[PDB]
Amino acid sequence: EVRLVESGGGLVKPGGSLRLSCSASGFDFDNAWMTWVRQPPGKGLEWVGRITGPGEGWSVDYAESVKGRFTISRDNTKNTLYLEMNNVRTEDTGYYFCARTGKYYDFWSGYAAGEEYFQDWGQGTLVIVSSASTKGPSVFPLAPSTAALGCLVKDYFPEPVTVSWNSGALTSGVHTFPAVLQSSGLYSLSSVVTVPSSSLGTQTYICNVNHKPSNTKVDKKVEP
């Protein structure tokens, strides 16, 4: 019955701006404390900030690494919450959650004695930060020293790239690994085939890299 939907995710260049919207239903939103939480992909959760309701003076608090750049606001007439992201940096990537926040309150101790907790969460909205818009990859051979050889695919945006060996003829022992986003904002990944040492030269191995967004196809032979 309680539902939170986040929206506004997309790609923004460093220094850019973006507003996330989180629409709520199934509870008295006017009084509820709301918290933004973000998760860098493959990493842990980070508390972004919380905004209170009118009764608490619309008091808002921000995490230290985010203060001065993000603003939290809300429209109680529309049941929406906003995260206004300005001077946006690469570390701000990328998954952002809005949460209905509960709190301990005692008349003598105020809120300082208790803690906050986020009883319901949205599914999340993804914000990618990078100066690149469309960049073909560079492909390098990972030569053999059971032997192992592969290809290194470097500095591309956006995902995905598809790696095939010998135009799809080679599938046994092939293992293309998940890509990784570098601090530059570009992706790099590697695909390696493992073959017995004797066969290393009797057969020639070529990797086929296909980055559709930049419309590139790269073929690279691997030689010992």
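Each residue number is its position in the shown sequence, starting from 1.
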Self-check item: Unresolved deposited residues lying between neighbours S145 and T146
Solution: 4 to 9
Quiz prompt | 85-93 or 116-124, whichever carries the higher mean Cα B-factor | solution = 85-93
Quiz item: Got a sec? Mean C-alpha B-factor, which is higher, 135-143 or 107-115?
Solution: 135-143
Exercise. From the list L152, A99, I72, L149, select the residue with the highest C-alpha B factor recorded in the entry.
Key: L149
Exercise. Just grab whichever of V12, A24, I206, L20 has the top CA B-factor as deposited.
Key: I206
Quiz item: Thinking about Cα B factors across the chain, which third does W58 belong to?
Solution: middle
Quiz item: Lowest, middle or highest third of the chain for the C-alpha temperature factor of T176?
Solution: middle
Quiz item: Among the modelled residues of its chain, does the C-alpha B-factor of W165 lie in the lowest, middle or highest third?
Solution: highest
Exercise. Would you check the entry's CA temperature factor for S65 and let me know if it's in the chain's lowest, middle or highest third?
Key: middle
Quiz item: Within this chain, which third does the Cα B-factor at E46 fall in: lowest, middle or highest?
Solution: lowest
